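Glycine also receives a Cβ, built like all others from the backbone with ideal geometry; neighbour counts cover every protein chain displayed. All of this is worked out from the model, or read from it or from the source named; nothing here is a laboratory result.
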Amino acid sequence: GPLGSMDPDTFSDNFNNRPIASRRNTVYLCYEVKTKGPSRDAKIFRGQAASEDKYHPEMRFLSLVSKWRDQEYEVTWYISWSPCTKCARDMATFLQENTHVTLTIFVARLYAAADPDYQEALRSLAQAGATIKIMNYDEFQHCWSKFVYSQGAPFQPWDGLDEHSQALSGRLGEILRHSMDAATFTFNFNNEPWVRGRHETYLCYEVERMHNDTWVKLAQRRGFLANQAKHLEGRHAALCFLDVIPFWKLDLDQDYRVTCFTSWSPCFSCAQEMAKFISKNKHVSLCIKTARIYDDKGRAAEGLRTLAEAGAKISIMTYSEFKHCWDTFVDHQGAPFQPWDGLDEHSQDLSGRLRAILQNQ
Ligand SMILES: [Cl-]
Ligand SMILES: [Zn+2]
């Protein structure tokens with residue numbers, strides 16, 4: 001097509017929320033810029049470019065929003081991938097230094113590795129005033145209508161568009177709120193021994209340092225994550241937490257206690273991975289408190305025994321732990337933790353079964 005446009009194939013490649021993994025680090029940015037004001041017939045100034053690290057044609061919109069008399073500017077992005085950590089930091093700085101510019105960002109996909117520094121950069125960009133949302137049907141259709149040379153072809157949505165948009169919206173909310181949804185928590189941490197539909201695994205985590213004779217909490221370091229799925233390799237939540245750990249830059253000469261609240265107790269493979277990790281990280285004492293014992297087709301008891309042998313403290317979550325994670329990691333907005341029926345009974349039964357497991361029976 002014409003210069004400065006994308007063809008249907010480039011759109012289908014970049015602006016799509018199906019499990020396309022990632023791989024080709026192509027980040028396509030469509031941008032609109034409008035003069036802020038009451039005009040309803042205002043002229044929208046549009047541009048678009050794929051990310052290229054030599055000349056960066058995607059940032060040419062910045063020249064459009066320089067200070068000019070009393071003018072203010074509203075910028076809109078339709079970006080194929082969430083902005084990287086450094087670009088998010090830079091745009092936060094820019095919004096701070098250019099209060100005459102405001103910015104909305106619609107995103108097609110989120111990077112699966114929502115690691116701590118990236119999440120803090122995204123929350124930084126949000127606090128600077130940016131509006132970040134996941135693209136749904138309206139945004140995809142608008143981007144097709146405005147930035148694609150289609151030759152009379154109407155926008156054709158793919159099958160699982162809305163479901164993927166909703167899942168990405170939930171993840172983005174988990175990131176920006178720094179807390180998980182109340183329905184999500186209430187469901188994933190239900191401690192009935194045998195359950196259906198718990199396809200995900202949620203892992204909350206806290207860190208403490210030994211100062212004087214006291215475990216002091218490092219509130220700057222608490223957090224939560226979930227597993228990665230789809231079939232693009234599925235990485236369990238325990239492995240993702242192990243990946244989070246090195247970002248903390250712990251002092252190898254200090255003593256730390258690391259607590260994991262998991263909805264599913266670790267599978268055999270994850271248990272061996274965490275045993276190997278703690279046997280090579282002497283400065284870290286691992287506590288594992290699980291809502292449910294994931295039997296892992298009968299391989300889990302051996303893994304839990306291995307992990308306990310390596311020094312980890314494996315326990316079953318009680319009402320106190322559920323209430324604690326509700327207060328600490330759930331967007332409750334003041335609401336108290338409302339326990340489900342049979343919580344205590346399921347908890348004490350699971351404690352008995354874990355006891356039988358650890359003593360080898
Ligand atoms: Cl697992
Ligand atoms: Zn696992």
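When you check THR318 against the structure, is it surrounded by 17 or more Cβ atoms within 10 Å (Cβ to Cβ), touching a strand residue (DSSP E or B) at 6+ places or on another chain (Cβ under 6 Å) and of a type in the set (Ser, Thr, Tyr), yes or no?
So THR318 does not fit the description; no.
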When region 71-87 is checked residue by residue, the ones that are over 12 Å from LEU110 (Cβ atoms) and either of a type outside the set (A, V, I, L, M) or surrounded by fewer than 20 Cβ atoms within 10 Å (Cβ to Cβ) (or both) are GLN71, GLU72, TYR73, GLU74, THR76, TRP77, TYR78, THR85, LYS86, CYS87
Quick one: count up the residues across region 27-42 that are over 28 Å from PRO83 (Cα atoms) and in contact with an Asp or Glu (Cβ under 9 Å, 6 or more places away or on another chain).
0
I'd like to verify a number: residues in region 168-213 that are of a type in the set (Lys, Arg) and farther than 22 Å from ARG353 by Cα, how many?
3
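Residue-by-condition table, conditions (1) assigned to a helix (DSSP H, G or I); (2) within 16 Å of ligand 2 (Cβ to nearest atom); (3) not assigned by CATH to the domain that holds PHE140:
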residue: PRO154; (1), (2), (3): no, no, no
residue: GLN166; (1), (2), (3): yes, no, no
residue: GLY173; (1), (2), (3): yes, no, no
residue: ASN191; (1), (2), (3): no, no, yes
When residues of region 251-277 are limited to those that are aromatic (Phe, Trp, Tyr) and within 9 Å of ligand 2 (Cβ to nearest atom), the one farthest from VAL216 (Cα to Cα):
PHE268
Would you check if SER285 is more than 12 Å from ligand 2 (Cβ to nearest atom), part of a strand (DSSP E or B) and surrounded by fewer than 20 Cβ atoms within 10 Å (Cβ to Cβ)?
yes
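Results for (1) of a type outside the set (S, T, N, Q); (2) away from ligand 1 (no atom under 12 Å from the Cβ); (3) part of a strand (DSSP E or B), shown as yes or no for each residue.
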{"residue": "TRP215", "(1), (2), (3)": "yes, yes, yes"}
{"residue": "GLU233", "(1), (2), (3)": "yes, yes, no"}
{"residue": "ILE245", "(1), (2), (3)": "yes, yes, no"}
{"residue": "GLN254", "(1), (2), (3)": "no, yes, no"}
{"residue": "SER269", "(1), (2), (3)": "no, no, no"}
Got at least one residue in region 243-254 being out of contact with any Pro (no Cβ under 6 Å at 6 or more places or on another chain) and under 29 Å from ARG353 (Cα atoms)?
no
Within the bounds of region 51-70, is there any residue that is of a type in the set (D, E, K, R), part of a loop (DSSP other than H, G, I, E, B), surrounded by 15 or more Cβ atoms within 10 Å (Cβ to Cβ) and over 30 Å from the mean Cα position of the chain (by Cα)?
no
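Which residues, counting only those in region 230-243, are more than 15 Å from ligand 2 (Cβ to nearest atom) and either of a type in the set (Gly, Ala, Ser) or within 16 Å of the chain's Cα centre (by Cα) (or both)?
The one that is more than 15 Å from ligand 2 (Cβ to nearest atom) and either of a type in the set (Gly, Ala, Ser) or within 16 Å of the chain's Cα centre (by Cα) (or both): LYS230.
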Reported set for region 145-162 where residues are small (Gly, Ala, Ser) and exposed (fewer than 12 other Cβ atoms within 10 Å of the Cβ) is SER145, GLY152, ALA153
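State whether the residues of region 200-210 include one that is more than 16 Å from ligand 1 (Cβ to nearest atom), out of contact with any strand residue (DSSP E or B) (no Cβ under 6 Å at 6 or more places or on another chain) and at positive phi. I'd like the intermediate steps shown before the answer.
Going through region 200-210, the residues more than 16 Å from ligand 1 (Cβ to nearest atom) turn out to be 206-210.
With out of contact with any strand residue (DSSP E or B) (no Cβ under 6 Å at 6 or more places or on another chain) added as a condition, the list becomes 210.
When the remaining residues are screened for being at positive phi, the result is none.
Checked against the condition, which is being more than 16 Å from ligand 1 (Cβ to nearest atom), out of contact with any strand residue (DSSP E or B) (no Cβ under 6 Å at 6 or more places or on another chain) and at positive phi, region 200-210 yields no hits at all.
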Identify, by number, the condition in (1) surrounded by fewer than 20 Cβ atoms within 10 Å (Cβ to Cβ); (2) within 16 Å of ligand 1 (Cβ to nearest atom); (3) in a helix (DSSP H, G or I) that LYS323 doesn't meet.
(2)
